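>>> these are from a larger complex, still in place; more later:
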Amino acid sequence: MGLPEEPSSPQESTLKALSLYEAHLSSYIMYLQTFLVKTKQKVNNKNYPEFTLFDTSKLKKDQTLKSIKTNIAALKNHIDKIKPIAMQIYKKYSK
């Protein structure tokens, strides 16, 4: 069924909507990172693209609506780095 879709942002900016969205984004990053690491293992030519592993030290741990919104930003910025690479490696190796 191909790679999973990036989670969609809730309409509702409630603590629970945003907390769930943070969890999905973290989970989606881990799917993409795992896919990139496992695909590197199977075809490990020196050409294999370079990716940042997400640094969880950039995530606030305190459950504030403010800290959740800040984490969402950090996760979205990381997705923008790795999603295009994941999608290119998926195509390269499903060819």
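Looks like it came in fine. Numbers count the residues shown, from 1 in each chain, chains lettered A, B, ... in the order given.
>>> For the most centrally placed residue in chain A, which residues are in contact?
Per Cα atoms, centre = their mean, the C-alpha nearest to the average position across chain A is that of residue A:29, at 2.1 Å. Contact analysis of residue A:29 by Cβ atoms under 8 Å, 6 or more residues apart in numbering lists A:54, A:75, A:78, A:79, A:82. Any C-beta I mention is one placed from the backbone N, CA and C, and that applies to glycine too.
>>> Assign the first one to helix, strand or coil.
This points to residue A:54. Here residue A:54 is recorded as coil under DSSP: H, G, I helix; E, B strand; the rest coil.
>>> now the sequence for chain B, which goes on the structure above:
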Amino acid sequence: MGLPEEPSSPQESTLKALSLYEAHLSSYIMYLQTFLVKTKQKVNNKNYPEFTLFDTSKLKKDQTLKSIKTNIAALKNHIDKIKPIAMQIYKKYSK
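So, slotting chain B in with the rest:
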């Protein structure tokens, strides 16, 4: 968009079809595990269900069609342990 769907098994039992399926299954497990760990952090009542973290030492590293098929089995057995828990925690906390 809810939790992602478990990857579907290819029709084709080719090395490439099975290797890609192994990568998706590993990636899907990491999505579910991350979702379970992040959801435990947000609601950490003593009731929170108990899950096995996947042991990558149970995975063969040698790219044999035989070793890939064996890894697929191990990953599918782990999904059967954690998918129902992930789906229940998703509902509990999207309530």
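>>> ok chain B is in now, so what about the contacts of residue A:29?
Applying Cβ atoms under 8 Å, 6 or more residues apart in numbering or on different chains to residue A:29 gives the contacts A:54, A:75, A:78, A:79, A:82, B:34.
>>> If we use 10 Å, what do you get?
A:6, A:53-54, A:56, A:75-76, A:78-79, A:81-83, A:86, B:30-31, B:34 (Cβ atoms under 10 Å, 6 or more residues apart in numbering or on different chains).
>>> Okay, helices next: where are they in chain A?
For chain A, applying DSSP state H gives helices covering A:15-42, A:65-93.
>>> still on that earlier bit, give the buried subset of the contacts of residue A:29 as a ChimeraX selection command.
Here is the ChimeraX command that selects the buried residues among the contacts of residue A:29 (16 or more other Cβ atoms under 10 Å in any protein chain shown):
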select /A:6,54,75,78,79,82,86 /B:30,31,34
